[PDB]
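In: for now just these chains, pulled out of the complex without moving them:
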Amino acid sequence: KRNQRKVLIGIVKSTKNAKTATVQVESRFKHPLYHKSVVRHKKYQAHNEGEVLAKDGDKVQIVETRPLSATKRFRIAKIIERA
Amino acid sequence: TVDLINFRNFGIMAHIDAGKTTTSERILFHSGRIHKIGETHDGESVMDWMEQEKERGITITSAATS
(Lines give C-alpha, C1' and ligand atoms only; values in the text may rest on other atoms or scores of the structure.)
Protein backbone atom coordinates (compact mmCIF):
# COMPACT_ATOMS: atom_id res chain seq x y z
CA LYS A 1 0.00 0.00 0.00
CA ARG A 2 1.67 3.18 -1.27
CA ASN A 3 -1.20 5.25 -2.76
CA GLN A 4 -0.88 9.03 -2.98
CA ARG A 5 -1.37 11.34 -0.02
CA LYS A 6 -4.87 11.51 1.50
CA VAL A 7 -4.90 13.32 4.85
CA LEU A 8 -7.79 12.49 7.20
CA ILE A 9 -6.30 13.73 10.47
CA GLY A 10 -8.61 13.60 13.45
CA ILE A 11 -9.01 12.66 17.10
CA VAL A 12 -9.77 9.03 17.95
CA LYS A 13 -12.77 8.66 20.26
CA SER A 14 -13.04 4.93 20.92
CA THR A 15 -10.96 1.78 20.59
CA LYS A 16 -13.21 -0.82 22.25
CA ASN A 17 -12.97 -3.35 19.41
CA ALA A 18 -9.89 -5.40 18.55
CA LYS A 19 -7.63 -3.26 16.32
CA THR A 20 -10.76 -1.31 15.31
CA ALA A 21 -11.14 2.33 16.31
CA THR A 22 -13.82 4.99 16.00
CA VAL A 23 -11.95 8.19 15.11
CA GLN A 24 -13.56 11.64 15.11
CA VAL A 25 -12.52 14.31 12.59
CA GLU A 26 -13.63 17.86 13.45
CA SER A 27 -13.72 20.05 10.35
CA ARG A 28 -14.37 23.80 10.40
CA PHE A 29 -15.60 25.44 7.21
CA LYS A 30 -17.55 28.48 6.00
CA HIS A 31 -21.30 28.84 5.53
CA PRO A 32 -22.16 28.77 1.80
CA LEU A 33 -24.62 31.64 2.33
CA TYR A 34 -23.15 33.57 5.28
CA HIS A 35 -19.45 32.53 5.41
CA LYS A 36 -18.99 31.99 9.14
CA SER A 37 -16.65 29.52 10.82
CA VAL A 38 -18.88 26.50 11.52
CA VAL A 39 -17.57 23.18 12.84
CA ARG A 40 -18.90 19.71 12.09
CA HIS A 41 -17.87 16.30 13.37
CA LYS A 42 -17.54 13.13 11.27
CA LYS A 43 -17.00 9.62 12.60
CA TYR A 44 -14.80 7.08 10.84
CA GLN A 45 -13.99 3.42 11.45
CA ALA A 46 -10.33 2.49 11.07
CA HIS A 47 -8.51 -0.83 11.30
CA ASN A 48 -5.05 -1.27 12.81
CA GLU A 49 -2.58 -3.14 10.60
CA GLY A 50 -0.61 -4.90 13.35
CA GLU A 51 2.56 -2.88 12.83
CA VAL A 52 0.60 0.22 13.95
CA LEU A 53 -1.99 0.37 16.75
CA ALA A 54 -4.38 3.16 17.71
CA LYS A 55 -4.46 4.65 21.21
CA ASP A 56 -7.20 7.00 22.39
CA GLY A 57 -6.56 10.73 22.44
CA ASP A 58 -3.97 10.89 19.65
CA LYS A 59 -3.72 12.48 16.22
CA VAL A 60 -3.71 10.01 13.34
CA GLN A 61 -3.53 9.81 9.54
CA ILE A 62 -6.22 7.87 7.70
CA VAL A 63 -6.20 6.87 4.03
CA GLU A 64 -8.66 5.03 1.81
CA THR A 65 -8.11 1.41 0.82
CA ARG A 66 -9.94 -1.75 -0.17
CA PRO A 67 -12.86 -2.47 2.20
CA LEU A 68 -11.61 -4.64 5.06
CA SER A 69 -15.21 -5.07 6.22
CA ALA A 70 -18.63 -3.46 6.01
CA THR A 71 -18.36 0.30 6.65
CA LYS A 72 -14.56 -0.21 6.95
CA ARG A 73 -13.06 1.31 3.80
CA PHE A 74 -10.12 3.13 5.42
CA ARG A 75 -6.80 2.30 7.08
CA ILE A 76 -4.40 3.98 9.51
CA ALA A 77 -1.42 5.57 7.74
CA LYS A 78 0.51 7.65 10.30
CA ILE A 79 0.02 8.02 14.06
CA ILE A 80 1.05 10.91 16.29
CA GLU A 81 1.25 8.95 19.53
CA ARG A 82 0.30 9.80 23.12
CA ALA A 83 1.22 13.29 24.31
CA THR B 1 -56.66 -15.10 -60.45
CA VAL B 2 -60.25 -14.20 -59.56
CA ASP B 3 -62.33 -12.91 -62.47
CA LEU B 4 -65.10 -10.32 -62.17
CA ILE B 5 -67.84 -12.97 -62.53
CA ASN B 6 -66.75 -14.56 -59.26
CA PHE B 7 -68.09 -12.11 -56.63
CA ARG B 8 -71.81 -12.85 -56.32
CA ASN B 9 -74.04 -10.86 -53.96
CA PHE B 10 -77.21 -12.31 -52.44
CA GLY B 11 -79.89 -10.60 -50.37
CA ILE B 12 -82.31 -12.27 -47.94
CA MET B 13 -85.59 -10.62 -49.00
CA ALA B 14 -88.25 -10.97 -46.28
CA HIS B 15 -89.53 -9.38 -43.09
CA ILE B 16 -88.94 -10.60 -39.54
CA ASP B 17 -91.38 -12.96 -37.77
CA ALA B 18 -91.05 -15.16 -40.86
CA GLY B 19 -88.12 -17.41 -39.93
CA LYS B 20 -85.96 -15.26 -42.20
CA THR B 21 -83.23 -14.82 -39.59
CA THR B 22 -83.08 -18.58 -39.00
CA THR B 23 -82.67 -19.24 -42.74
CA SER B 24 -79.91 -16.63 -42.85
CA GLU B 25 -78.20 -18.32 -39.88
CA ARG B 26 -78.39 -21.73 -41.55
CA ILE B 27 -77.01 -20.39 -44.85
CA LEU B 28 -74.17 -18.59 -43.07
CA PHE B 29 -73.35 -21.67 -40.99
CA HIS B 30 -73.31 -24.31 -43.73
CA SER B 31 -71.71 -21.88 -46.21
CA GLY B 32 -69.21 -20.69 -43.60
CA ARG B 33 -68.27 -24.18 -42.43
CA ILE B 34 -64.75 -23.79 -40.99
CA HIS B 35 -63.33 -26.87 -39.30
CA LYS B 36 -59.87 -25.85 -38.05
CA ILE B 37 -60.40 -22.47 -36.37
CA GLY B 38 -63.17 -23.38 -33.92
CA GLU B 39 -66.29 -22.24 -35.75
CA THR B 40 -67.74 -25.78 -35.80
CA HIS B 41 -69.42 -26.00 -32.38
CA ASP B 42 -69.65 -22.22 -31.92
CA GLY B 43 -71.90 -21.68 -34.94
CA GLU B 44 -73.36 -25.17 -35.32
CA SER B 45 -76.71 -24.11 -33.82
CA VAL B 46 -76.36 -20.33 -33.49
CA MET B 47 -79.82 -19.44 -32.23
CA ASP B 48 -81.74 -16.32 -33.23
CA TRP B 49 -84.98 -18.10 -32.30
CA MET B 50 -87.27 -15.43 -30.91
CA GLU B 51 -87.39 -15.16 -27.16
CA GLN B 52 -86.13 -11.58 -27.33
CA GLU B 53 -86.07 -10.46 -30.96
CA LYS B 54 -84.05 -7.29 -30.39
CA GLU B 55 -80.87 -8.90 -29.04
CA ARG B 56 -80.33 -11.29 -31.95
CA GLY B 57 -81.63 -8.80 -34.52
CA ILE B 58 -79.04 -6.24 -33.37
CA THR B 59 -76.06 -8.53 -32.72
CA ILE B 60 -76.40 -10.30 -36.08
CA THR B 61 -77.32 -7.37 -38.36
CA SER B 62 -74.37 -6.09 -40.42
CA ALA B 63 -73.48 -4.90 -43.92
CA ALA B 64 -72.45 -8.16 -45.61
CA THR B 65 -71.22 -11.65 -44.69
CA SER B 66 -68.67 -13.19 -47.05
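Out: That came through fine. Residues are numbered from 1 along each chain as shown, chains lettered A, B, ... in the order given.
In: what about residue 43, which SS state?
Out: Looking at chain A here, since you left the chain open. When classified by DSSP: H, G, I helix; E, B strand; the rest coil, residue A:43 comes out as strand.
In: let's do chain B instead
Out: Remark: residue B:43 carries the secondary structure label coil [criterion: three-state DSSP].
In: count of neighbours near it?
Out: Here the number of neighbours of residue B:43 (other Cβ atoms under 10 Å in any protein chain shown) works out to 15. (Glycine included, C-beta is placed from N, CA and C.)
In: secondary structure element for residue B:26?
Out: Secondary structure assignment for residue B:26, by DSSP states H and E: helix B:20-31.
In: next, the buried residues of that helix.
Out: B:21, B:25, B:29 (16 or more other Cβ atoms under 10 Å in any protein chain shown).
In: after that helix, which helix or strand is next? Please name it.
Out: Per DSSP H and E, the helix or strand that comes after helix B:20-31 is helix B:53-59.
In: buried stuff in that following helix?
Out: The neighbour-count check on helix B:53-59 (16+ other Cβ under 10 Å) flags residue B:56 as buried.
In: show me what it is in contact with.
Out: Helix B:53-59 is contacted by residues B:16-17, B:21, B:47-48, B:50 when judged by Cβ atoms under 8 Å, 6 or more residues apart in numbering or on different chains.
In: append chain C to the structure above:
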Amino acid sequence: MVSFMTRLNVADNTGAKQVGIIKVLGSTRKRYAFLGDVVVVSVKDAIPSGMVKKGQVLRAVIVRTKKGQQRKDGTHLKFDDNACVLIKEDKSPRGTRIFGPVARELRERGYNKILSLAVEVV
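Out: That brings us to chain C, laid onto the chains above:
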Protein backbone atom coordinates in the same frame (compact mmCIF):
# COMPACT_ATOMS: atom_id res chain seq x y z
CA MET C 1 -73.91 -32.76 6.38
CA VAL C 2 -73.73 -29.02 5.69
CA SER C 3 -76.85 -27.12 6.79
CA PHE C 4 -78.25 -23.65 7.37
CA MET C 5 -76.03 -21.20 9.28
CA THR C 6 -72.89 -23.09 8.27
CA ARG C 7 -70.09 -20.66 7.44
CA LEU C 8 -67.62 -22.08 4.90
CA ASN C 9 -64.93 -20.56 2.70
CA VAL C 10 -65.37 -19.21 -0.83
CA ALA C 11 -63.48 -20.52 -3.86
CA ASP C 12 -63.51 -17.74 -6.48
CA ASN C 13 -62.71 -14.04 -6.95
CA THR C 14 -65.07 -12.38 -4.48
CA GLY C 15 -62.91 -10.87 -1.74
CA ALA C 16 -64.86 -12.67 0.99
CA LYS C 17 -63.47 -15.02 3.63
CA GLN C 18 -66.43 -16.91 5.13
CA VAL C 19 -70.08 -17.21 4.16
CA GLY C 20 -72.98 -19.03 5.83
CA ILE C 21 -76.05 -20.86 4.56
CA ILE C 22 -79.47 -19.39 5.31
CA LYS C 23 -81.78 -21.74 3.40
CA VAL C 24 -81.53 -24.43 0.73
CA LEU C 25 -83.34 -23.46 -2.47
CA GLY C 26 -86.10 -25.84 -3.51
CA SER C 27 -88.94 -27.65 -1.77
CA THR C 28 -89.51 -26.90 1.90
CA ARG C 29 -88.23 -29.03 4.80
CA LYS C 30 -85.53 -30.68 2.70
CA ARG C 31 -83.10 -29.61 5.47
CA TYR C 32 -80.36 -31.84 4.01
CA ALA C 33 -77.71 -30.40 1.70
CA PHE C 34 -75.99 -32.33 -1.08
CA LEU C 35 -73.49 -31.73 -3.86
CA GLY C 36 -74.53 -29.17 -6.44
CA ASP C 37 -77.52 -27.92 -4.44
CA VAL C 38 -78.16 -24.21 -4.96
CA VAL C 39 -78.58 -22.33 -1.66
CA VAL C 40 -79.01 -18.81 -0.32
CA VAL C 41 -75.98 -17.51 1.56
CA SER C 42 -74.92 -14.51 3.63
CA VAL C 43 -71.30 -13.39 3.72
CA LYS C 44 -69.53 -13.62 7.09
CA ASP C 45 -66.19 -11.90 6.39
CA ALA C 46 -65.15 -9.85 3.37
CA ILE C 47 -62.55 -7.22 2.49
CA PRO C 48 -63.60 -4.14 0.46
CA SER C 49 -60.74 -4.83 -1.98
CA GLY C 50 -62.89 -7.63 -3.45
CA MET C 51 -66.31 -7.36 -5.06
CA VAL C 52 -68.60 -8.25 -2.14
CA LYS C 53 -69.94 -6.35 0.87
CA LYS C 54 -70.70 -7.55 4.38
CA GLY C 55 -74.30 -8.38 5.26
CA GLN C 56 -75.51 -9.01 1.72
CA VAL C 57 -77.46 -12.18 0.94
CA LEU C 58 -76.75 -13.82 -2.43
CA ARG C 59 -76.98 -17.27 -4.05
CA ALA C 60 -74.29 -19.95 -4.21
CA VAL C 61 -73.69 -23.66 -4.83
CA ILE C 62 -71.58 -26.05 -2.75
CA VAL C 63 -68.91 -27.80 -4.82
CA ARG C 64 -66.60 -29.50 -2.28
CA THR C 65 -67.92 -31.11 0.89
CA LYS C 66 -66.32 -32.30 4.12
CA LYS C 67 -69.19 -34.79 4.52
CA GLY C 68 -68.77 -36.53 1.16
CA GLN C 69 -71.50 -38.22 -0.90
CA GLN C 70 -71.23 -41.46 -2.85
CA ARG C 71 -71.42 -41.27 -6.65
CA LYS C 72 -73.33 -43.69 -8.87
CA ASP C 73 -70.02 -45.23 -9.98
CA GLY C 74 -69.60 -46.64 -6.46
CA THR C 75 -66.35 -44.72 -5.90
CA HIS C 76 -66.81 -42.20 -3.09
CA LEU C 77 -64.69 -39.04 -3.17
CA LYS C 78 -64.44 -36.87 -0.06
CA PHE C 79 -62.94 -33.53 0.94
CA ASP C 80 -61.48 -32.45 4.27
CA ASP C 81 -63.39 -29.14 4.19
CA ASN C 82 -66.47 -27.49 2.64
CA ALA C 83 -66.27 -25.18 -0.39
CA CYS C 84 -68.95 -22.99 -1.96
CA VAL C 85 -69.00 -20.87 -5.12
CA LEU C 86 -71.27 -17.86 -5.63
CA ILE C 87 -73.41 -17.59 -8.77
CA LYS C 88 -74.86 -14.34 -10.14
CA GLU C 89 -78.61 -14.75 -10.70
CA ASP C 90 -78.17 -17.71 -13.08
CA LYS C 91 -75.91 -20.54 -14.25
CA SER C 92 -73.16 -17.97 -14.80
CA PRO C 93 -70.92 -17.62 -11.70
CA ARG C 94 -69.72 -14.25 -10.38
CA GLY C 95 -66.09 -15.32 -10.10
CA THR C 96 -63.65 -15.86 -12.95
CA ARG C 97 -60.77 -17.74 -11.29
CA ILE C 98 -61.64 -20.85 -9.27
CA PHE C 99 -59.31 -22.20 -6.59
CA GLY C 100 -59.01 -25.95 -6.14
CA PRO C 101 -60.50 -28.83 -8.12
CA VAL C 102 -64.16 -29.65 -8.75
CA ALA C 103 -66.24 -32.76 -9.48
CA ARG C 104 -68.24 -33.95 -12.50
CA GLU C 105 -71.46 -34.61 -10.55
CA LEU C 106 -72.90 -31.40 -12.04
CA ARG C 107 -71.61 -31.68 -15.64
CA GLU C 108 -74.80 -33.42 -16.80
CA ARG C 109 -76.76 -30.73 -14.92
CA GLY C 110 -75.14 -27.88 -16.87
CA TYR C 111 -72.78 -25.46 -15.10
CA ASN C 112 -70.26 -25.55 -17.97
CA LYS C 113 -69.25 -21.97 -17.10
CA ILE C 114 -67.86 -23.08 -13.74
CA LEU C 115 -65.90 -25.97 -15.22
CA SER C 116 -64.54 -23.66 -17.92
CA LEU C 117 -62.85 -21.79 -15.04
CA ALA C 118 -61.82 -24.92 -13.10
CA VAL C 119 -58.45 -26.64 -13.39
CA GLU C 120 -59.52 -30.22 -12.61
CA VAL C 121 -62.92 -31.94 -12.66
CA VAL C 122 -63.61 -35.28 -10.97
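In: same question on the buried residues of helix B:53-59, but with chain C included?
Out: Using 16+ other Cβ under 10 Å as the test for burial, helix B:53-59 gives residue B:56.
In: same thing with stretch C:50-63?
Out: Neighbour count says stretch C:50-63 has C:52, C:58, C:60-63 buried, by 16+ other Cβ under 10 Å.
In: doesn't residue C:42 make contact with residue C:55?
Out: Yes. Here residue C:55 lies in contact with residue C:42, judged by Cβ atoms under 8 Å, at a distance of 7.3 Å.
In: end to end on stretch C:71-91, go ahead and measure it.
Out: Its first and final residues considered, stretch C:71-91 spans 23 Å by Cα to Cα, to the nearest Å.
In: what does stretch B:45-54 give?
Out: 19 Å.
In: next, residue C:5: secondary structure please.
Out: In three-state terms, and counting by three-state DSSP, residue C:5 is coil.
In: and residue B:34, what does it touch?
Out: Residue B:34 touches residue B:40, counting by Cβ under 8 Å, 6+ apart.
In: try residue A:62
Out: When contacts are counted by Cβ under 8 Å, 6+ apart, residue A:62 is found next to A:6, A:8-10, A:23, A:44, A:46, A:74-77.
In: what about 10 Å?
Out: Contacts for residue A:62 were tallied using Cβ atoms under 10 Å, 6 or more residues apart in numbering or on different chains; they are A:6-10, A:12, A:21, A:23, A:25, A:44-46, A:54, A:74-78.
In: chain D should join the structure above:
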Amino acid sequence: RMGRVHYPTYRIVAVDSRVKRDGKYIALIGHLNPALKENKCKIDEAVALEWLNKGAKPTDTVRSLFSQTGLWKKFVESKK
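Out: Adding chain D to the chains above:
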Protein backbone atom coordinates in the same frame (compact mmCIF):
# COMPACT_ATOMS: atom_id res chain seq x y z
CA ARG D 1 -28.04 17.00 -37.22
CA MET D 2 -29.82 19.65 -35.15
CA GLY D 3 -31.22 23.15 -35.57
CA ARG D 4 -34.47 24.48 -36.97
CA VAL D 5 -36.42 22.63 -39.64
CA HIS D 6 -35.36 23.27 -43.26
CA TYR D 7 -31.82 23.95 -42.00
CA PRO D 8 -29.73 20.77 -41.76
CA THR D 9 -26.71 21.40 -39.53
CA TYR D 10 -24.75 18.22 -38.76
CA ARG D 11 -21.86 18.84 -36.39
CA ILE D 12 -19.00 16.51 -37.31
CA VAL D 13 -18.20 14.18 -34.41
CA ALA D 14 -16.29 10.99 -33.71
CA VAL D 15 -18.82 8.27 -32.94
CA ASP D 16 -18.62 4.91 -31.21
CA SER D 17 -21.37 2.72 -32.66
CA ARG D 18 -22.88 2.13 -29.19
CA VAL D 19 -23.95 5.75 -28.55
CA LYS D 20 -27.36 7.14 -29.45
CA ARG D 21 -27.82 9.86 -32.05
CA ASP D 22 -26.61 13.34 -30.96
CA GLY D 23 -26.14 12.21 -27.38
CA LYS D 24 -23.08 12.32 -25.14
CA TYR D 25 -20.27 12.41 -27.69
CA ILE D 26 -16.62 11.44 -27.29
CA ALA D 27 -15.24 14.50 -29.09
CA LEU D 28 -16.62 16.84 -31.75
CA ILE D 29 -14.51 16.83 -34.92
CA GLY D 30 -15.85 20.20 -36.08
CA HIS D 31 -18.74 21.73 -38.00
CA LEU D 32 -19.98 21.24 -41.57
CA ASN D 33 -23.05 22.42 -43.49
CA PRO D 34 -23.95 19.95 -46.27
CA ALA D 35 -25.98 22.60 -48.11
CA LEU D 36 -22.98 24.85 -48.79
CA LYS D 37 -20.73 23.64 -51.62
CA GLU D 38 -17.47 24.56 -49.90
CA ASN D 39 -15.14 22.83 -47.46
CA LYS D 40 -15.77 24.29 -44.00
CA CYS D 41 -14.83 21.56 -41.50
CA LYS D 42 -12.59 22.67 -38.63
CA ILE D 43 -10.19 19.73 -38.29
CA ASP D 44 -6.70 19.51 -36.80
CA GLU D 45 -5.87 16.15 -38.46
CA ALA D 46 -3.53 15.36 -35.55
CA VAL D 47 -6.05 14.45 -32.83
CA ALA D 48 -8.03 12.79 -35.63
CA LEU D 49 -5.16 10.37 -36.15
CA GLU D 50 -5.05 9.97 -32.35
CA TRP D 51 -8.66 8.78 -32.34
CA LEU D 52 -7.97 6.60 -35.38
CA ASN D 53 -5.07 4.94 -33.53
CA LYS D 54 -7.13 4.54 -30.33
CA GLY D 55 -10.05 2.93 -32.16
CA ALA D 56 -13.75 3.72 -32.14
CA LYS D 57 -13.91 4.63 -35.83
CA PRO D 58 -16.00 7.75 -36.54
CA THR D 59 -18.64 8.12 -39.26
CA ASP D 60 -17.78 6.85 -42.75
CA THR D 61 -19.29 9.93 -44.43
CA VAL D 62 -16.23 11.98 -43.42
CA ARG D 63 -13.68 9.42 -44.66
CA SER D 64 -13.99 10.86 -48.17
CA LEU D 65 -13.76 14.32 -46.59
CA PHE D 66 -10.38 13.14 -45.31
CA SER D 67 -9.25 11.69 -48.64
CA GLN D 68 -9.42 15.17 -50.18
CA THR D 69 -7.15 16.49 -47.41
CA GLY D 70 -4.67 13.64 -47.87
CA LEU D 71 -5.16 12.20 -44.38
CA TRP D 72 -5.17 8.68 -45.81
CA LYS D 73 -2.00 9.40 -47.81
CA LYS D 74 -0.19 9.93 -44.50
CA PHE D 75 -2.27 7.65 -42.27
CA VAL D 76 -1.68 4.47 -44.28
CA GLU D 77 2.07 5.12 -44.32
CA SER D 78 2.19 6.03 -40.62
CA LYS D 79 0.52 2.66 -40.01
CA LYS D 80 3.75 1.04 -41.22
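In: chain D added, so what about the contacts of helix B:53-59 now?
Out: Outside helix B:53-59, the residues touching it (Cβ under 10 Å, 6+ apart) are B:16-17, B:21-22, B:25, B:46-50.
In: starting at the chain centroid, how far to that helix?
Out: 13 Å (Cα atoms, centre = their mean, to the nearest Å).
In: all the strands of chain A, residue numbers only.
Out: Secondary structure of chain A (DSSP state E): strands at A:10-14, A:20-30, A:37-47, A:59-69, A:72-80.
In: between the ones you listed, which gets nearest to residue C:90?
Out: Smallest distance to residue C:90 across these (Cβ to Cβ): 67.7 Å, for strand A:59-69.
In: could you report the distance from residue C:113 to residue D:43?
Out: Noted for residue C:113: a distance of 75 Å to residue D:43, by Cβ to Cβ, to the nearest Å.
In: if you count surrounding residues, which of the two has more?
Out: Legend: neighbour count by other Cβ under 10 Å for residue C:113 and residue D:43, higher for residue D:43 (17 against 14).
In: okay, now the residue nearest to that one when sequence neighbours are not counted: neighbour count?
Out: Excluding its sequence neighbours, the residue lying closest to residue D:43 (Cβ to Cβ, 6 or more residues apart in numbering or on different chains) is residue D:30, at 5.3 Å. Here the number of neighbours of residue D:30 (other Cβ under 10 Å) works out to 14.
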